[PDB]
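Take a look at the structure set out below.
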Amino acid sequence: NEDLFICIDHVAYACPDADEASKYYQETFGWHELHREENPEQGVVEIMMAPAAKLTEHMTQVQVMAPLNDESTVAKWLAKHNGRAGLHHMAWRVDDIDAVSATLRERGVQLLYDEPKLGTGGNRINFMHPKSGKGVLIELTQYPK
Amino acid sequence: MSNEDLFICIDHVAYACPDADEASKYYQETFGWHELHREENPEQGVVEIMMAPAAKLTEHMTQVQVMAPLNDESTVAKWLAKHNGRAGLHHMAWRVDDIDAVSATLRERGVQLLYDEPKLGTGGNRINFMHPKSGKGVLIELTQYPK
């Protein structure tokens, strides 16, 4: 036994317009926008929001995701969900995605990628099958280095 | 009178599954998440389990709240049905220091709350929710620790 997770890294929220949601989060909730990224290839725009201007070690953030094209994964997810914004998935932070992927694998855990893939920042990520998540899609994510 | 953060952190993410014990077994067995509290309320027909990634919680550490129907008349059973028997993220709860004040502020900005007055939650927390149209596609909970 041992802890394979530091904390929930972020909760991904999918919506048709990331800008609109971020401005709502800021204007209405007073949340803080910490980072914005656009990935033409994935056809996804992502924005990181937090309840404070400065993150604390285990502070979980909210990730706003919106499509850049109707071919993107996010667009088809939104289509299959009343085209309405909704919680998309949970990402849990790991100190060593390889090491932890070994442990998870050893415990019969099924991942999505054979190998971790690069994501936001230099993050090395991977997921879990929506079934392996009892209905919920769960992402594994390790900060760079 | 500079505006101050209304939220401390995301208190917990609610996951609605048909079997809490089951889901809880999974988080501990497989994922190795620690179970910190289990509660059962007949009134509402719900069973809840608080899971954390560590044994001890850090000030701003978010937990996963496993919800599960105790019968088919529970609000949670319906939801599960609504989401086609598919378990899944149910809601997000944000911790606040003073729910009455945060609620008053939120209303001035046009937010709609489910209850006019805070309800009593688990552990003595005072809670309320921000109408889906307010949370924007998501049901957001406000949670104040009893103090």
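Scheme for the structure tokens: letters A, B, ... for chains in order shown; per-chain residue numbers from 1; ligand numbers from 1 in order shown.
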Counting only C-alpha atoms, chain B residues within 6 Å of chain A, as a PDB file with N, CA, C and O atoms, in the first residue's frame:
ATOM      1  N   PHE B   7     -14.805  32.152  -2.316  1.00  0.00           N
ATOM      2  CA  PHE B   7     -14.571  30.719  -2.159  1.00  0.00           C
ATOM      3  C   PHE B   7     -13.187  30.332  -1.668  1.00  0.00           C
ATOM      4  O   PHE B   7     -12.185  30.896  -2.088  1.00  0.00           O
ATOM      5  N   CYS B   9     -12.026  26.956  -1.554  1.00  0.00           N
ATOM      6  CA  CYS B   9     -11.540  25.910  -2.430  1.00  0.00           C
ATOM      7  C   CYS B   9     -12.751  25.065  -2.809  1.00  0.00           C
ATOM      8  O   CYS B   9     -13.855  25.304  -2.328  1.00  0.00           O
ATOM      9  N   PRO B  53      -7.566  11.609  -1.088  1.00  0.00           N
ATOM     10  CA  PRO B  53      -6.359  10.972  -1.629  1.00  0.00           C
ATOM     11  C   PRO B  53      -5.281  10.712  -0.572  1.00  0.00           C
ATOM     12  O   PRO B  53      -4.334   9.964  -0.813  1.00  0.00           O
ATOM     13  N   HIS B  60      -6.807  22.986   2.066  1.00  0.00           N
ATOM     14  CA  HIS B  60      -7.553  23.109   0.810  1.00  0.00           C
ATOM     15  C   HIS B  60      -7.668  21.837  -0.031  1.00  0.00           C
ATOM     16  O   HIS B  60      -7.888  21.914  -1.243  1.00  0.00           O
ATOM     17  N   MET B  61      -7.537  20.672   0.591  1.00  0.00           N
ATOM     18  CA  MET B  61      -7.617  19.412  -0.154  1.00  0.00           C
ATOM     19  C   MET B  61      -9.042  19.025  -0.481  1.00  0.00           C
ATOM     20  O   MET B  61      -9.875  18.916   0.418  1.00  0.00           O
ATOM     21  N   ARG B  86     -26.025   5.453 -15.720  1.00  0.00           N
ATOM     22  CA  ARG B  86     -24.589   5.684 -15.781  1.00  0.00           C
ATOM     23  C   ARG B  86     -24.138   6.512 -14.589  1.00  0.00           C
ATOM     24  O   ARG B  86     -24.557   7.652 -14.422  1.00  0.00           O
ATOM     25  N   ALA B  87     -23.287   5.935 -13.755  1.00  0.00           N
ATOM     26  CA  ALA B  87     -22.775   6.671 -12.619  1.00  0.00           C
ATOM     27  C   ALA B  87     -21.955   7.815 -13.223  1.00  0.00           C
ATOM     28  O   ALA B  87     -21.549   7.750 -14.389  1.00  0.00           O
ATOM     29  N   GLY B  88     -21.717   8.863 -12.447  1.00  0.00           N
ATOM     30  CA  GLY B  88     -20.941   9.971 -12.974  1.00  0.00           C
ATOM     31  C   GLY B  88     -20.896  11.184 -12.074  1.00  0.00           C
ATOM     32  O   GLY B  88     -21.678  11.300 -11.130  1.00  0.00           O
ATOM     33  N   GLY B 137     -24.951  25.057 -16.586  1.00  0.00           N
ATOM     34  CA  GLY B 137     -24.909  23.670 -17.022  1.00  0.00           C
ATOM     35  C   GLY B 137     -24.530  22.717 -15.903  1.00  0.00           C
ATOM     36  O   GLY B 137     -24.761  21.507 -15.990  1.00  0.00           O
ATOM     37  N   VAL B 138     -23.932  23.266 -14.849  1.00  0.00           N
ATOM     38  CA  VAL B 138     -23.525  22.465 -13.704  1.00  0.00           C
ATOM     39  C   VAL B 138     -24.239  22.928 -12.439  1.00  0.00           C
ATOM     40  O   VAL B 138     -24.531  24.115 -12.265  1.00  0.00           O
TER      41      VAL B 138
END
| field | Residue neighbourhood residue 118 of chain B, 9 Å, only C-alpha atoms, exclusion window fewer than 4 positions, as a ChimeraX atom specification | value | /B:99-100,126-129
Could you write out the selected residues, including C-alpha atoms, as a PDB file, in the first residue's frame?
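The resulting file, out.pdb, is shown below:
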ATOM      1  CA  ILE B  99     -22.639  31.168   3.538  1.00  0.00           C
ATOM      2  CA  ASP B 100     -25.122  33.921   4.443  1.00  0.00           C
ATOM      3  CA  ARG B 126     -24.746  24.674   6.076  1.00  0.00           C
ATOM      4  CA  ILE B 127     -25.467  24.294   2.353  1.00  0.00           C
ATOM      5  CA  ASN B 128     -27.408  25.598  -0.635  1.00  0.00           C
ATOM      6  CA  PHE B 129     -27.078  25.227  -4.408  1.00  0.00           C
TER       7      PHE B 129
END
| said: Residues near residue 123 of chain A, anyone? I mean within 9 Å using only C-alpha atoms, not counting same-chain ones fewer than 5 positions away, as a ChimeraX atom specification. | reply: /A:117-118,141-145
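A straight line drawn from atom CA of residue 43 of chain A to atom CA of residue 20 of chain A is 17.5 Å long.
For segment 28-90 of chain B, the set of residues given strand (DSSP E) by DSSP on the backbone reads residues 34, 35, 36, 37, 38, 39, 40, 41, 46, 47, 48, 49, 50, 51, 52, 63, 64, 65, 66, 67, 68, 69, 88, 89 and 90 of chain B.
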Can I get the selected residues back with N, CA, C and O atoms, as an mmCIF file, in the first residue's frame?
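For reference, out_21.cif as written:
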data_model
loop_
_atom_site.group_PDB
_atom_site.id
_atom_site.type_symbol
_atom_site.label_atom_id
_atom_site.label_comp_id
_atom_site.auth_asym_id
_atom_site.auth_seq_id
_atom_site.Cartn_x
_atom_site.Cartn_y
_atom_site.Cartn_z
ATOM 1 N N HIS B 34 -8.283 7.006 0.648
ATOM 2 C CA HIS B 34 -8.744 6.753 2.010
ATOM 3 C C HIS B 34 -10.196 7.160 2.247
ATOM 4 O O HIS B 34 -10.626 8.239 1.835
ATOM 5 N N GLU B 35 -10.948 6.291 2.917
ATOM 6 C CA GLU B 35 -12.340 6.579 3.249
ATOM 7 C C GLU B 35 -12.311 7.309 4.587
ATOM 8 O O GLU B 35 -11.720 6.819 5.549
ATOM 9 N N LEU B 36 -12.942 8.476 4.655
ATOM 10 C CA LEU B 36 -12.923 9.259 5.891
ATOM 11 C C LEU B 36 -14.236 9.342 6.664
ATOM 12 O O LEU B 36 -14.241 9.705 7.837
ATOM 13 N N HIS B 37 -15.345 9.010 6.019
ATOM 14 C CA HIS B 37 -16.644 9.092 6.680
ATOM 15 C C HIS B 37 -17.713 8.468 5.797
ATOM 16 O O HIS B 37 -17.661 8.572 4.574
ATOM 17 N N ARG B 38 -18.671 7.811 6.434
ATOM 18 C CA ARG B 38 -19.774 7.179 5.731
ATOM 19 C C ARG B 38 -21.021 7.608 6.480
ATOM 20 O O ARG B 38 -21.045 7.601 7.711
ATOM 21 N N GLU B 39 -22.056 7.993 5.746
ATOM 22 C CA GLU B 39 -23.281 8.446 6.381
ATOM 23 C C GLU B 39 -24.476 7.940 5.606
ATOM 24 O O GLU B 39 -24.419 7.806 4.387
ATOM 25 N N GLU B 40 -25.563 7.668 6.315
ATOM 26 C CA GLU B 40 -26.775 7.182 5.676
ATOM 27 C C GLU B 40 -27.993 7.948 6.204
ATOM 28 O O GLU B 40 -28.233 7.989 7.415
ATOM 29 N N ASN B 41 -28.753 8.561 5.299
ATOM 30 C CA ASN B 41 -29.936 9.316 5.697
ATOM 31 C C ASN B 41 -31.241 8.825 5.072
ATOM 32 O O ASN B 41 -31.511 9.072 3.903
ATOM 33 N N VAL B 46 -30.506 8.547 0.944
ATOM 34 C CA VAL B 46 -29.175 8.611 0.365
ATOM 35 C C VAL B 46 -28.088 8.126 1.315
ATOM 36 O O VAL B 46 -28.198 8.256 2.536
ATOM 37 N N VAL B 47 -27.041 7.555 0.735
ATOM 38 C CA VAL B 47 -25.886 7.091 1.486
ATOM 39 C C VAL B 47 -24.706 7.853 0.882
ATOM 40 O O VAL B 47 -24.576 7.915 -0.340
ATOM 41 N N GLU B 48 -23.861 8.436 1.729
ATOM 42 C CA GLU B 48 -22.726 9.214 1.253
ATOM 43 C C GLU B 48 -21.423 8.769 1.850
ATOM 44 O O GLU B 48 -21.362 8.402 3.013
ATOM 45 N N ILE B 49 -20.370 8.829 1.050
ATOM 46 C CA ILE B 49 -19.064 8.444 1.533
ATOM 47 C C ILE B 49 -18.027 9.458 1.077
ATOM 48 O O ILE B 49 -17.935 9.776 -0.108
ATOM 49 N N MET B 50 -17.262 9.966 2.039
ATOM 50 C CA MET B 50 -16.226 10.956 1.789
ATOM 51 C C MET B 50 -14.848 10.309 1.584
ATOM 52 O O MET B 50 -14.270 9.739 2.519
ATOM 53 N N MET B 51 -14.331 10.417 0.357
ATOM 54 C CA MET B 51 -13.028 9.862 -0.006
ATOM 55 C C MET B 51 -11.998 10.960 -0.247
ATOM 56 O O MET B 51 -12.285 11.953 -0.916
ATOM 57 N N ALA B 52 -10.798 10.768 0.294
ATOM 58 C CA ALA B 52 -9.704 11.710 0.128
ATOM 59 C C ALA B 52 -8.488 10.931 -0.384
ATOM 60 O O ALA B 52 -8.378 9.725 -0.157
ATOM 61 N N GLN B 63 -12.127 16.565 -1.649
ATOM 62 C CA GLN B 63 -12.503 15.167 -1.464
ATOM 63 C C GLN B 63 -13.512 14.774 -2.537
ATOM 64 O O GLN B 63 -14.047 15.630 -3.234
ATOM 65 N N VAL B 64 -13.753 13.473 -2.670
ATOM 66 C CA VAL B 64 -14.744 12.952 -3.610
ATOM 67 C C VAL B 64 -15.888 12.432 -2.746
ATOM 68 O O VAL B 64 -15.665 11.632 -1.840
ATOM 69 N N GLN B 65 -17.104 12.899 -3.002
ATOM 70 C CA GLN B 65 -18.262 12.463 -2.229
ATOM 71 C C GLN B 65 -19.101 11.482 -3.021
ATOM 72 O O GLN B 65 -19.794 11.863 -3.954
ATOM 73 N N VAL B 66 -19.046 10.214 -2.625
ATOM 74 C CA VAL B 66 -19.804 9.162 -3.285
ATOM 75 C C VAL B 66 -21.254 9.156 -2.818
ATOM 76 O O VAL B 66 -21.530 9.021 -1.629
ATOM 77 N N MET B 67 -22.175 9.316 -3.756
ATOM 78 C CA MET B 67 -23.595 9.308 -3.445
ATOM 79 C C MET B 67 -24.171 8.017 -4.014
ATOM 80 O O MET B 67 -23.651 7.482 -4.993
ATOM 81 N N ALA B 68 -25.241 7.520 -3.409
ATOM 82 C CA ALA B 68 -25.875 6.297 -3.882
ATOM 83 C C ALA B 68 -27.269 6.172 -3.295
ATOM 84 O O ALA B 68 -27.484 6.454 -2.119
ATOM 85 N N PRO B 69 -28.243 5.763 -4.117
ATOM 86 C CA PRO B 69 -29.622 5.605 -3.654
ATOM 87 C C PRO B 69 -29.762 4.410 -2.715
ATOM 88 O O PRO B 69 -29.069 3.398 -2.864
ATOM 89 N N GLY B 88 -21.717 8.863 -12.447
ATOM 90 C CA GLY B 88 -20.941 9.971 -12.974
ATOM 91 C C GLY B 88 -20.896 11.184 -12.074
ATOM 92 O O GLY B 88 -21.678 11.300 -11.130
ATOM 93 N N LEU B 89 -19.964 12.084 -12.365
ATOM 94 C CA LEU B 89 -19.824 13.307 -11.595
ATOM 95 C C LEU B 89 -21.227 13.902 -11.437
ATOM 96 O O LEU B 89 -21.946 14.067 -12.419
ATOM 97 N N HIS B 90 -21.622 14.196 -10.202
ATOM 98 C CA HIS B 90 -22.954 14.738 -9.919
ATOM 99 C C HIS B 90 -22.895 16.244 -9.723
ATOM 100 O O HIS B 90 -23.686 17.005 -10.293
#
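The environment of residue 111 of chain B within 9 Å, counting only C-alpha atoms and disregarding residues fewer than 6 places along the same chain, consists of residues 28 of chain A; 103, 105, 130, 131, 133, 134 and 135 of chain B.
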Writer output for current selection, C-alpha atoms, as a PDB file, in the first residue's frame:
ATOM      1  CA  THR A  28     -19.998  36.530 -11.033  1.00  0.00           C
TER       2      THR A  28
ATOM      3  CA  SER B 103     -25.241  34.088  -0.675  1.00  0.00           C
ATOM      4  CA  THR B 105     -23.359  38.841  -2.570  1.00  0.00           C
ATOM      5  CA  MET B 130     -26.724  27.609  -7.354  1.00  0.00           C
ATOM      6  CA  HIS B 131     -29.467  26.848  -9.886  1.00  0.00           C
ATOM      7  CA  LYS B 133     -28.647  28.095 -15.009  1.00  0.00           C
ATOM      8  CA  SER B 134     -26.473  29.889 -12.474  1.00  0.00           C
ATOM      9  CA  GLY B 135     -23.745  27.286 -12.175  1.00  0.00           C
TER      10      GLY B 135
END
